[PDB]
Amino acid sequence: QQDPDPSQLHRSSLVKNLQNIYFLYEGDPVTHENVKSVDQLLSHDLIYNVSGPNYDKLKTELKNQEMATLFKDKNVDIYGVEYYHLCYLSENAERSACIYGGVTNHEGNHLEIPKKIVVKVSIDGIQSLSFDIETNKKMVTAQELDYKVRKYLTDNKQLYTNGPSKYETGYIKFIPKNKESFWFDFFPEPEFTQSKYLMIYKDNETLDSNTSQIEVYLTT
């Protein structure tokens, strides 16, 4: 991910139903400790017999078959942003939730003490905001950190609201140790669906919580 250009960032003022992004990051994420695949629909996904307020089954589409069959029989930790509309898990049944990635191995991936990562927020070219994020995983998915960054920003700086946003553009930049940096645009395209937008987590990109930086760039 080569850093973005102003013209490469989606503008929030152009999004008709931007509240559908707000619901994703304001509400609780789906988190599950030490569990293992129970079923599978497509070659690149895994279904779990886990539960939450709105679901009895959870499906996670991963990067591909290779990655799917990799976590298939292991005991994993799940941490993702789920959607319900368009989450087909069979022909007849339902009460299912869907996510992308958000999967890490459970065994020996926890920390004695939670690792605090600093998030340097910059607004209008001026890094003037800074707050802490936390994780107790050694290898954590970008999704988890992302959700935590946006949840705080939404609760404290109004990144998202059940309506328009005070910011026109915005993105999160991940800076791993000895790897190519990458970023996610905070805003979707004028017309989108939650499932389409959330594909940024399909690759299940994981980071070393100990040696990774997080930068946020916003414009009002």
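Position 1 is the first residue in the sequence shown; the rest follow in order.
Of the two segments, 78-86 and 105-113, the one listed with the higher mean B-factor is 105-113 (C-alpha atoms only). Averaged over their C-alpha atoms, the temperature factors of 161-169 and 59-67 are higher for 59-67. Ranked by C-alpha B-factor against the other modelled residues of its chain, residue 154 falls in the lowest third. In this PDB entry, residue 145 carries a Cα temperature factor that places it within the lowest third of its chain's modelled residues.
Remark: residue 45 belongs to the highest third of its chain, ranked by C-alpha B-factor as recorded. Residue 39: CA B factor in the highest third of modelled residues in this chain (values from the PDB entry). Residue-level temperature factors show residue 210 in the highest third of its chain, judged at the C-alpha atom.
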